[PDB]
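Asker: Below: one structure in structure tokens.
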Amino acid sequence: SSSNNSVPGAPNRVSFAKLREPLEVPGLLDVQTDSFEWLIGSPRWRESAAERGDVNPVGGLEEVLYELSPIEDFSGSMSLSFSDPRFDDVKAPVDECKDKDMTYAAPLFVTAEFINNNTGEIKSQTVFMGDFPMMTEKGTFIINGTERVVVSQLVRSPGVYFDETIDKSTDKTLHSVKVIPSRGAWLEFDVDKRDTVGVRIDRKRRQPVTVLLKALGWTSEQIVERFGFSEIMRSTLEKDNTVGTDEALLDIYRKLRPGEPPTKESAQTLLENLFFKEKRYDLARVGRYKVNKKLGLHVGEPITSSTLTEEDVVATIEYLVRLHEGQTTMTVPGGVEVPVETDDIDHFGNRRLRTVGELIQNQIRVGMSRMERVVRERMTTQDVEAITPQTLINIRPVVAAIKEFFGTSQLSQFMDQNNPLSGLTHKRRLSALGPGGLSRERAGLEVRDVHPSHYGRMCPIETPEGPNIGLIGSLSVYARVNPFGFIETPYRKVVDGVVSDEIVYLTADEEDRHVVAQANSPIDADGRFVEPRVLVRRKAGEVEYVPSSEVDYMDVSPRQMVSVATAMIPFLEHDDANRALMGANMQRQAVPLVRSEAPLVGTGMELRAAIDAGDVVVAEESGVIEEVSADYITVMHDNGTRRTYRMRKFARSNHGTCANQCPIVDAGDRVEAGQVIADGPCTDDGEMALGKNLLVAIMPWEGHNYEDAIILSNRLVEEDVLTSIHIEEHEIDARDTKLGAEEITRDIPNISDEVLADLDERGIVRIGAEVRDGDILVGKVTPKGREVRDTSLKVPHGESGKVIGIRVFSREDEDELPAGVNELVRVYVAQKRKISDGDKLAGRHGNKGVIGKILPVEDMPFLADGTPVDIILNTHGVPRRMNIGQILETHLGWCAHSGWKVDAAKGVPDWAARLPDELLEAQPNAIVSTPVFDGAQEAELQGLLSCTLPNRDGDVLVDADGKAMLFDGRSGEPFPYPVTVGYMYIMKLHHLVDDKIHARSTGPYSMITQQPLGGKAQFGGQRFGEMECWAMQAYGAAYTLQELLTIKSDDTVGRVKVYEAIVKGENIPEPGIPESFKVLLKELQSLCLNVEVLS
Amino acid sequence: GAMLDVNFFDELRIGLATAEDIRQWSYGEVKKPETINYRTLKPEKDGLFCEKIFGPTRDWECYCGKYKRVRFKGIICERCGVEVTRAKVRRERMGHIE
Amino acid sequence: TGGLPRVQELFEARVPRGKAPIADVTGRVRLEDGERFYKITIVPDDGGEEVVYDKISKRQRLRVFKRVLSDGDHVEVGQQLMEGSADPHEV
Amino acid sequence: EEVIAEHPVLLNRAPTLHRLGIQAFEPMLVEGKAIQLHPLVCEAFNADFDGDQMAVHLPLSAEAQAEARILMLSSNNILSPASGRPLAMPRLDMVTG
Amino acid sequence: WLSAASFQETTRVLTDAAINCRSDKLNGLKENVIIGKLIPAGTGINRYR
Amino acid sequence: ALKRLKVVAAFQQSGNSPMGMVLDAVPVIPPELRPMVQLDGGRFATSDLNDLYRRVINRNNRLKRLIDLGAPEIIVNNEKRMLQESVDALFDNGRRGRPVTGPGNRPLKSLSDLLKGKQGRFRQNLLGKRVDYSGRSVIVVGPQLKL
Amino acid sequence: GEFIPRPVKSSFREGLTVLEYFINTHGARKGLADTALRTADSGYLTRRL
RNA sequence: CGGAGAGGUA
DNA sequence: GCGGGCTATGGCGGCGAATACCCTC
DNA sequence: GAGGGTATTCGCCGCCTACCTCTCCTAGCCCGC
Ligand SMILES: [Mg+2]
Ligand SMILES: [Zn+2]
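Residue numbers (PDB author numbering), protein chains in the order written: chain X, 26 to 810, 830 to 1139; chain S, -1 to 96; chain V, 1025 to 1090, 1097 to 1121; chain A, 488 to 584; chain G, 1220 to 1268; chain Y, 292 to 438; chain L, 829 to 877.
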């Protein structure tokens, strides 16, 4: 009945679930953590591969080194090779780097051996290859003291693809094929609208296939021996108008290298160098595997090639010619049977995933290629018997590539740290847009779709809402990635009509040739479906009623297609997809409240989500708590060892929120390994807590909750229910300056000591001081040539709070400062924000809105016992938006808060027959759970509403319908009809009105086009666009438009004159000529155009 | 027709510019690919930011330093050759490359 | 087209898409039946000359004006013989 | 409070699809940091209260103020210029009541 | 040539206008807006202004 | 002949010779409209216009030296071609051949780019402005107000 | 754009199963994509008019 | 406050 | 030996203009 | 082989508005101190 019986110290949250889960949810950071230990070839990855891929365990760095080496000159008199990459201990701990500014990296070394092929002398050395950024245990990278996430990229797997199209002119089904290599040259073969098979090597003229066929060494005899059963194949040679092996080669040269002697040897070199050597063409292991699978070439020999071959290039032609006709089977000589068919380019078998390891490997590969070019250049301009490995290797390209990737890439993204869920969701993203993928505008509506192959591998609900709709996705819960980059999802094997154990991981390609059943299906613990028919995805995601003897697999749980954030919405199946998407996205925007409290009606995906996120502290090993304080826990292990955990208090996140850890254990308790020993930002007893439980009413009220507005009580402000803490970060440094030298000190000229009261001896303000909008935080002076110029740090407009911490790095203390600085003083100001009018709230069901009004607690609808409601939500928003799940949540929340007791005096009521024990009775403030797709039914909700406990006296405030009888606090009369009341879970989004208010009259101006600046942070003004100009013109209001466009924006004299007139009692002057017209005139003149104004 | 502008506009004409027009617009020639020096943080001479072509960089001042007051209004510097006027002139004057 | 693209092509005065021929002189027609082509000949009442269009694909239907278009039927000057959208430049 | 009396203000919501996207009102100071919009102009502005924002403009000269007061005043713009139907009509809760 | 250059294809319009040596009699909403002059409509007509 | 006469009559009717297509001088825009700024610390990042002007000036000076000192025809012709290409890229970078790209393999902003597009001079500075006496905030419903 | 012949058989009061929800997501997302495309398409026409 | 990239709200 | 400056093959539709393929003299 | 009439392919142009936050702008090498 309970939710999480595996975690040692878990709360007893009871569940309404009826279905057993065969498998436990995997680790939620395993992709990011495993794809990197594969890169560095850690022992753990080696052990993991031993029970699977023991045939050839090689890491990414080792593979790159083996592929690159040996490096030999043209004469072959010398060589250079690399082997056994090795890592040393990280220079500094993760906290040290995150604090100072250093990158979390470790040294890398490789054993380089130089062999002279004419003397036999071998010289070996250990060459330092540079610092390698390492991954923290949570799946992030610290680059320049900032945490980052390397997102996975969805791309098209290399291979050969056949497509089909209809010719408009003649209604003929033209076909095509394209060999897509990795780092190679394209090779098409079309069938045009004259039944003439052709080629388009690179982007050249459409040469007939027979050209290259003969150029490869074939003759008409063989060309008609293998090809010829197709009419077009023979007709190609019939009308080719050219013949001859050397003639064909010279034709290919005419089409390939224009303007150079067409010699047979040169054509051989060009062709068999472009498409066959080793280094220009790289199908890669995945590409070779896909080509062998498609063209049915080999099913034996382990893949030991990355280059094209004659058999493949002729099998492509055979496949195409058979395809065009109507054939549906082929068996290329010495190959297994394979069908003929087009390829869907969106399928999850035809598009793979590039993870962090592969991207970093590619960047290291390009750096090593540059270094190889350098070493080959230097290997011929230096004397022999003086060359050593250290004298030829230049590490600069590799370090430059690593820097560029980790600092200037579209996949290395700033981590989201609004709350624990946002970061975890960020680490599990699948993006299609990147260096090698689609484009945000040029992408059509067929790549922004939900494909049937995505069932169980990418969540269909959680996507952005704007231009990135369909381009960024989220990995599912039970899904994993295989060695080649194709995502797999678990399935439960069913044999002889019995749903057995032994989960087996499948791929989309494999899954397309089976029949899998629905998880939430009736089984009776005997391996035999209770019901006759079960919906199943037939072949192309076609749900169908099917005989029970055809099923071959079964989903693990009815919670397998959704992601982590979508699995925390209770009653998800009662909400429409749009509102569910809104709620899933909004759950990642909630701010951490000052005090956290877990829901009453959660789902269950909140303990594992919190633990895997890593914001809680988990005991390393079992033991007995010795001394617990606000700053440190000390577990006295069972072997005499003591390990003290330190809690990070009142820290700052990337998004200004407050991260604060609190121990939740006492000094005598005994803990177990893996038990939650402290809490985090949005956690309560180890479970996510992003909001609060509030008593809600569902009536319209005086038009204040009009059009999605909200009404709050004043208790939530007095008692600090929805209060939050935010932190700012002010930083200033003193440079050397051409002027020469600058100092931070209390010596600020022209200012009395009264203003500098809060300043101290050094120059910084006192911790525990109060700062308002405009106040010296770090007083300094820079001699701009005394010349001393006060450029002291000031509190930005609209900022206030208390200075809680100051960090100063001094060059005198041999700190790791940037180049050309001496001090890097930094400050922190924190302030508590209470809920106000204009702040945004929302639930888990896409019900958002701003706070229209905050009533006093006296004139609020109060129940018969005198308890006011906390929040009022309008009735007109619910039935239109198809998110009825909020009403069910309110009902169940009231039932949970009130506590209940099913009266099974004479048999359990028929509506509680399938209700687990420990759920037939509950005590007030009981926490329950309703899994996302297997939870509380409506009959159970009605039954529970029918039996709830009285409050203090024998009075039930809410009847069977779930509606109470309220009183009008503003007039006193009771409302004529009952109202729906209950408890729902509300979150406070990061869209506070204090950040969205801005005004201006005058201030900074731009320099080229002398118009106000844009932005709330340099004052700046609101822009009067072009459609507003159209509106003003349609009103027929010439003078307002003229003043707006002339004297308010870019009329330099006009602005000063207007200000001087308004400050006095004068009348506004006349506008002049704008300043953006003179710039245009000068630009037109600069384009050599004589533009003049004629009177 | 109206030089800078000033209202009472009647027509705005456009046309190709001959070498003579382009040489008449220019106040000088640019014949050195130097923009600005780093040590003194001043524009070079005969560059793309010369103060003897496009105008003074400081109101009523010379790169020579000979004249640095309003009283020296309108006199072309005898040492550096930079005319003494307001710094806004750099938004108007143009140069040419032969 | 039946939406914003239709509005755009109407205001851009482009050839519609499913351009349906429109008569240019009142007269009877010797309608002919064939695969991938329909021959529609304009036999004017005056009898000066006969215009004809034989490239009409069989996919498009025949407009119903006054009964469906039939062989040997008199038509008006601007009547649209087939079904679809007329090209603005011809009317 | 005396200074702002009888001085109209221009409010604008983006996108400005049509003419009624800019209308002139009269300012009265309130408590908070949000702008209070009369419920009957929402359809003209196509605005809602789930996170929408708006801009504010102040005409200075006498001609601009006269234009705001006579041409662009909200109470004088009740009918849609496109069709002539009223746009300050009650809706939702008012219709139900 | 000033209202067409602000709509589309600035380069083509400018190059053709320069060859044809076209003169712009500034009379229109867009042109008067660009040159900062009262638009000729509504309260900007002679009888009203 | 219709198009030919279009262009020929265009050049005939007015007193505009067709000799303005071939340039002997190149105007330079004023500096304050093509300014160069310094990043944090005092390091100047060059503007696109300045780099193109610099390339043209370099090529012009080197060709002038080659012609003045005397040289085989091939070198002079090659330098004249490299000056033609630089001047073409100044006015319109990317129209012919590969765009002249700066750091990070991105094409430079020529003088033509200043006038065209949604971010050009017109549709960004002349048909719309940034105006003072304006603000912005969130909107809430006031039911006690009047129309 | 073609209809699924299943069809979806449960109201949002009862609670759709997993397959019904998945096959509903298709039409759910296509509408938002089309809405973005249409808001992009309309402004160009309005400016031209 | 000039440019490039990433994320987001209506 | 280290620092600073100088140089060197996943949009798509519309449209027009610069150019393949075939009968005629 | 030129003429006149068809096809054919390539290049250019266009693709809503307003606002908020965050990180980074070359590499090699030759000369100078
Ligand atoms: Mg809204
Ligand atoms: Zn001087």
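Even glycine gets a Cβ: it sits at the ideal position worked out from N, Cα and C.
For residue 1176 (chain G), would you say it is in contact with chain Y, using Cβ-to-Cβ distances shorter than 8 Å as the test?
Answerer: Residue 1176 (chain G) lies beyond the stretch modelled for chain G, which goes from 1220 to 1268, so this question has no answer here.
Asker: Under three-state DSSP, which class holds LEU1088 (chain X)?
Answerer: Taken through DSSP and simplified to helix, strand or coil, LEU1088 (chain X) comes out as helix.
Asker: Return helix, strand or coil for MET581 (chain A), following the three-state DSSP convention.
Answerer: helix
Asker: Smallest Cα separation from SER26 (chain X): which of X:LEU1085, X:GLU965, X:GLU1114 and X:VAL363?
Answerer: X:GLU965
Asker: If you draw a straight line from the alpha carbon of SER377 (chain Y) to that of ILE95 (chain S), how long is it in whole angstroms?
Answerer: 13 Å
Asker: Are the C-beta of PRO309 (chain Y) and some C-beta of chain A separated by less than 8 Å?
Answerer: Answer no: the Cβ-Cβ gap between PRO309 (chain Y) and chain A never drops below 8 Å.
Asker: Please list, in chain order, the chain A residues whose beta carbon lies closer than 9 Å to that of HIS920 (chain X).
Answerer: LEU579, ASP580 and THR583
Asker: Mind listing the chain A neighbours of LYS892 (chain X)? Cutoff is C-beta to C-beta under 9 Å, in chain order.
Answerer: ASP537 and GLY538
Asker: Would you call the region 1065 to 1074 of chain X in contact with the region 1016 to 1031 of chain X, where contact means no fewer than 3 C-beta pairs closer than 8 Å?
Answerer: no
Asker: Name the DSSP bridge partner or partners of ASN927 (chain X)?
Answerer: X:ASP600
Asker: If you follow the beta strand (DSSP E) that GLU867 (chain X) is in, where does it begin and where does it stop?
Answerer: 865 to 867
Asker: At the level of alpha carbons, what is the spacing between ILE736 (chain X) and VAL431 (chain Y)?
Answerer: 11 Å
Asker: Where does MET593 (chain X) land, buried or exposed, given buried means 16+ other C-beta within 10 angstroms?
Answerer: Buried is the call here.
Asker: Does chain S have any CB closer than 8 Å to the CB of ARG345 (chain Y)?
Answerer: yes
Asker: Touch check for the region 520 to 528 of chain A and the region 1045 to 1052 of chain X: three-plus C-beta pairs under 8 Å?
Answerer: No, because fewer than three Cβ pairs between the region 520 to 528 of chain A and the region 1045 to 1052 of chain X fall closer than 8 Å, the two stretches do not touch.
Asker: Looking at the C-beta of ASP1235 (chain G), does it have a partner C-beta in chain S at a distance below 8 Å?
Answerer: With 8 Å as the cut-off, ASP1235 (chain G) does not count as an interface residue toward chain S.
Asker: If we cut at 8 Å on Cβ distances, does residue 825 (chain X) have a partner in chain S?
Answerer: Coordinates for residue 825 (chain X) are simply not present: the residues of chain X run from 810 and resume at 830.
Asker: Could I get the ranges of all uninterrupted beta strand (DSSP E) runs contained in the region 307 to 368 of chain Y, with 3 residues as the minimum, in chain order?
Answerer: 317 to 319, 328 to 330 and 334 to 336
Asker: Use the C-beta contact count for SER548 (chain A): other C-beta atoms within 10 angstroms, 16 or more gives buried, fewer gives exposed.
Answerer: buried
Asker: So which of X:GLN986, X:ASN81, X:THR136 and X:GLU697 has the shortest CA-CA distance to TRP955 (chain X)?
Answerer: The candidate whose alpha carbon is nearest that of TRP955 (chain X) is X:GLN986.
Asker: What are the boundary residues of the alpha helix (DSSP H) that includes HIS451 (chain X)?
Answerer: 445 to 452
Asker: Examine ligand 2 and report whether any of its heavy atoms sits within less than 7 Å of the Cβ of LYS123 (chain X).
Answerer: no
Asker: Taking only the alpha-carbon atoms, compute the straight-line gap between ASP404 (chain Y) and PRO390 (chain Y) and give it to the nearest angstrom.
Answerer: 13 Å
Asker: Cβ closer than 7 Å: which chain Y residues qualify as neighbours of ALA766 (chain X)?
Answerer: Residues of chain Y passing the Cβ test: none, with the nearest at roughly 14 Å.
Asker: Any residues in the region 1102 to 1135 of chain X with a beta carbon nearer than 7 Å to a beta carbon of chain G? Which ones, in chain order?
Answerer: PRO1115, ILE1117, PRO1118, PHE1121 and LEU1133
Asker: Where the beta carbon is closer than 5 Å to any heavy atom of ligand 1, which residues qualify, in chain order?
Answerer: A:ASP535, A:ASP537 and A:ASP539
Asker: Where the beta carbon is closer than 5 Å to any heavy atom of ligand 2, which residues qualify, in chain order?
Answerer: S:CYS60, S:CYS62, S:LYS64, S:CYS75, S:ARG77 and S:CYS78
Asker: Which class does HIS941 (chain X) belong to by DSSP, given the choice of helix, strand or coil?
Answerer: helix
Asker: Between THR406 (chain X) and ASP98 (chain X), how many whole angstroms is the CB-CB distance? I'm expecting something under 8 Å.
Answerer: The pair is not a contact, with the Cβ atoms about 11 Å apart (cut-off 8 Å).
Asker: So what does DSSP say about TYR129 (chain X), is it helix, strand or coil?
Answerer: The answer is coil: DSSP assigns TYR129 (chain X) none of H, G, I, E or B.
Asker: At what residues does the alpha helix (DSSP H) containing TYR1103 (chain X) begin and finish?
Answerer: 1096 to 1107
Asker: So which residues on chain G does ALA1081 (chain X) lean against when the C-beta distance must stay under 8 Å?
Answerer: Near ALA1081 (chain X) (Cβ distances below 8 Å), the residues of chain G are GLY1261 and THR1262.
Asker: Does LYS407 (chain Y) have its Cβ less than 8 Å from a Cβ in chain G?
Answerer: yes
Asker: In this structure, what does DSSP give as the bridge partners for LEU747 (chain X)?
Answerer: Per DSSP, none; premise fails for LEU747 (chain X).
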